[PDB]
Structure formats: C-alpha cells, structure tokens
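Just so you know, we're using the deposited numbering here: the sequence shown kicks off at 1 and counts up by one. Built from N, CA and C at the ideal position, the CB exists for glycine as well.
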Amino acid sequence: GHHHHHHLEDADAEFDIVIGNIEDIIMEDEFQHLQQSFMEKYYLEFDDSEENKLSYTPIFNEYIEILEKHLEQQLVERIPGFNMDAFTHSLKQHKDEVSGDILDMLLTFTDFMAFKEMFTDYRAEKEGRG
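In structure tokens, the structure reads:
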C-alpha cells in the first residue's frame with residue numbers, strides 16, 4: 001500500500017455506489033443497510049466482481065481487498081456502540097440487526113464519540129469529507 005486517488009466508474013458501478021453512500025453513511029449506519037441491501041440484491045441478481053478489463057480485474061480486486069481488509073479488522077475490533085460507521089454492515093453481511101440503536105445502548109460506555117472522532121476524522125477526510 002502506497003497510493004491514493006479516485007477513478008473508475010462504468011467498470012464497477014456497484015463499487016462507486018457503496019463508496020459514495022459509505023462516506024455519507026459515516027454518520028448513519030441504517031442508511032447503508034438500505035442502500036447496501038439494494039445494491040447487494042441488484043448485484044447478486046446480476047453479476048459479481050472480477051469484471052472489467054484484464055487490468056481492472058486485478059487492480060480492482062487488490063485495491064478493494066486492501067481497504068476492505070484494513071477496514072475489516074478495524075471495524076471488527078471497533079465495536080464503538082453509537083452509529084459510528086456503516087462500513088461494518090457492508091463489510092461482513094448486515095449490521096442492521098444490531099446498530100447504534102442496540103450497540104450504543106449497552107456499548108454506551110464509549111459511543112462513537114471517541115471512535116468516530118479519530119476514525120471518522122480519517123475515514124471521512126479520506127473519502128473527501130470536505
């Protein structure tokens with residue numbers, strides 16, 4: 001890992017979809033549950049990854065795998081509580097069953113206040129917070 005930039009679209013529509021909604025859901029997890037669920041059903045009911053040209057196939061898989069991997073371990077060990085990041089939902093399967101609602105309820109001991117503080121600051125500012 002040693003790059004940073006945005007591009008592609010027509011090749012991987014689903015990617016751009018989750019990407020945009022991801023930066024937005026950063027404030028609300030539920031939002032992702034709905035959006036993601038939509039793209040998931042549509043995608044699964046259409047095609048899968050490993051698409052695009054012969055160069056995009058690997059470049060895409062690697063890239064996504066890199067971020068997904070890092071964010072995966074982070075989100076997994078995150079368990080902040082309050083609607084910190086929906087990345088978890090689209091990360092594994094669906095955190096809708098238990099989001100900031102119940103999570104923050106008990107995990108209130110340390111809501112996303114702190115977690116999101118640094119996490120969001122980087123994640124958001126990274127996706128293009130503004």
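May I ask which residues mark the beginning and end of the alpha helix (DSSP H) holding residue i?
{"i": "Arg-129", "result": "Looking at the DSSP string, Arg-129 is not in any alpha helix (DSSP H), and its letter there is neither H nor E."}
{"i": "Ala-86", "result": "Careful: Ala-86 lies outside any alpha helix (DSSP H) and carries neither H nor E."}
{"i": "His-33", "result": "29-44"}
{"i": "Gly-1", "result": "Segment: none, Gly-1 is in no alpha helix (DSSP H) and carries neither H nor E."}
{"i": "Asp-16", "result": "13-25"}
Could you check which residue in the options has the C-alpha nearest to that of residue i?
{"i": "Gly-1", "options": "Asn-52, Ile-22, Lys-69, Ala-13", "result": "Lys-69"}
{"i": "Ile-64", "options": "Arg-129, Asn-83, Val-76, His-3", "result": "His-3"}
{"i": "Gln-36", "options": "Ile-102, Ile-26, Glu-50, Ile-17", "result": "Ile-17"}
{"i": "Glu-50", "options": "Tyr-42, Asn-61, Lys-41", "result": "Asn-61"}
{"i": "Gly-81", "options": "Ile-66, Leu-44, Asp-104", "result": "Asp-104"}
{"i": "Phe-112", "options": "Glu-23, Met-27, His-6", "result": "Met-27"}
{"i": "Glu-72", "options": "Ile-59, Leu-106, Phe-87, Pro-58", "result": "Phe-87"}
{"i": "residue 132", "options": "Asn-52, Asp-29, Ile-59", "result": "One cannot answer for residue 132 here, as it falls past the ends of the chain, which runs 1 to 130."}
{"i": "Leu-107", "options": "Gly-130, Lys-92, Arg-78, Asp-121", "result": "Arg-78"}
{"i": "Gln-74", "options": "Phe-115, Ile-19, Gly-130", "result": "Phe-115"}
{"i": "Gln-32", "options": "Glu-14, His-94, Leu-8, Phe-46", "result": "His-94"}
{"i": "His-7", "options": "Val-76, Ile-25, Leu-54, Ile-59", "result": "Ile-59"}
{"i": "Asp-12", "options": "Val-76, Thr-57, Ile-22", "result": "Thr-57"}
{"i": "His-5", "options": "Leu-54, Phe-109, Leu-67", "result": "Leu-67"}
{"i": "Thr-110", "options": "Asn-83, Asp-121, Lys-92, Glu-125", "result": "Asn-83"}
Can you find a C-beta in chain B that's less than 8 Å from the C-beta of residue i?
{"i": "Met-84", "result": "No chain B is present in this structure, which holds just one protein chain."}
For my contact list, residue i and residue j are in at a C-beta cut-off of 8 Å; report their separation, rounded to the angstrom.
{"i": "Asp-85", "j": "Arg-123", "result": "7 Å"}
{"i": "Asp-48", "j": "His-89", "result": "Going by Cβ atoms, the distance from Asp-48 to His-89 rounds to 19 Å, so no, they are not a contact pair."}
{"i": "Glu-127", "j": "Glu-23", "result": "4 Å"}
Give the list of continuous alpha helix (DSSP H) stretches no shorter than 4 residues that lie fully inside the stretch 47-101. With a minimum length of 4 residues, the continuous alpha helix (DSSP H) runs that stay inside the stretch 47-101 are 56-76, 87-91.
Between the stretch 85-99 and the stretch 41-57, do at least 3 Cβ pairs fall closer than 8 Å? The stretch 85-99 vs the stretch 41-57: no contact.
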